[PDB]
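One chain is shown next in structure tokens, namely the form deposited in one PDB entry.
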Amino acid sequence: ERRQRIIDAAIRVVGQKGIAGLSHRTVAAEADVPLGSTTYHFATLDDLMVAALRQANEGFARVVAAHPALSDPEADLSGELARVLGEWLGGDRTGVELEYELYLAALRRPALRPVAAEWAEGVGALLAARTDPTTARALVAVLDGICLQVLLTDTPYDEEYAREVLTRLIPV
């Protein structure tokens, strides 16, 4: 209800101000509601942060939801992944940056650990179901390193590189 009107205000405030610009006052302003209602639904910011990311996590589903080849016996997995991956990182990255920002905030924010471990959740499940539970962790580990390389160092996205390295891990 309001948790919603105020949650989208958190993703809008991080996307814009980055975590550092997120405070109850900060979101209460976006959501356009009283300071006491923001504080009500979310006692601490860590809660209003898991809310934010737990909702973001969804988006990843909707995505796999849209591409069938991912759950398809053949197609590929690697080509499909490299492909769709270049999409999410395509052009304006205000979305991925807020998502990664939060997810990585689990480095020093304990409350944010459980949600963080629910990252690839939207594929980590699928991959281990398509392959094994050692290749699942693997693939998500390559994706992370591959995505961190682009976002943190200005290196452009190399889809063939990624489509190339993803295969090596996935056995036959």
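Each residue number is its position in the shown sequence, starting from 1. By rigid core we mean the largest C-alpha set that fits within 1.5 Å across both forms.
Selected stretch [higher average CA B-factor]: 143 to 151 or 51 to 59: 51 to 59 has the higher mean C-alpha B-factor.
Greater mean Cα temperature factor according to the PDB record, 98 to 106 or 72 to 80: According to the entry, 72 to 80 carries the higher average C-alpha B-factor.
Record-listed C-alpha B factor of residue 120: chain third: Highest third.
Residue 44 CA temperature factor, ranked by third within the chain: Its C-alpha B-factor, which the entry lists for residue 44, ranks in the highest third among residues of this chain.
CA B-factor placement of residue 64, once the chain's modelled residues are sorted into thirds: Highest third.
Record-listed C-alpha B factor of residue 26: chain third: It belongs to the lowest third of the chain when residues are ordered by C-alpha B-factor.
Heads up, the form deposited in another entry isn't pictured, but that's what we're talking about next.
Core superposition between the shown form and the other one, C-alpha change of residue 149 at least 2 Å: Comparing the forms between the shown form and the other one, which are aligned on their rigid core, residue 149 does not shift its C-alpha by 2 Å or more.
Per-residue C-alpha change between the shown form and the other one, residue 126, threshold 2 Å, rigid core fit: Shift of 2 Å or more: no.
Large Cα move at residue 79 between the shown form and the other one, threshold 2 Å, rigid core: Moves: no, less than 2 Å.
Distance trend in the other form - C-alpha atoms of residue 52 and residue 107, change of 3 Å or more: Those two alpha carbons end up closer in the other form.
Closer or farther in the other form, the Cα atoms of residue 126 and residue 107, when the shift from this form is 3 Å or more: Here the pair is farther apart than in the other form; there, closer.
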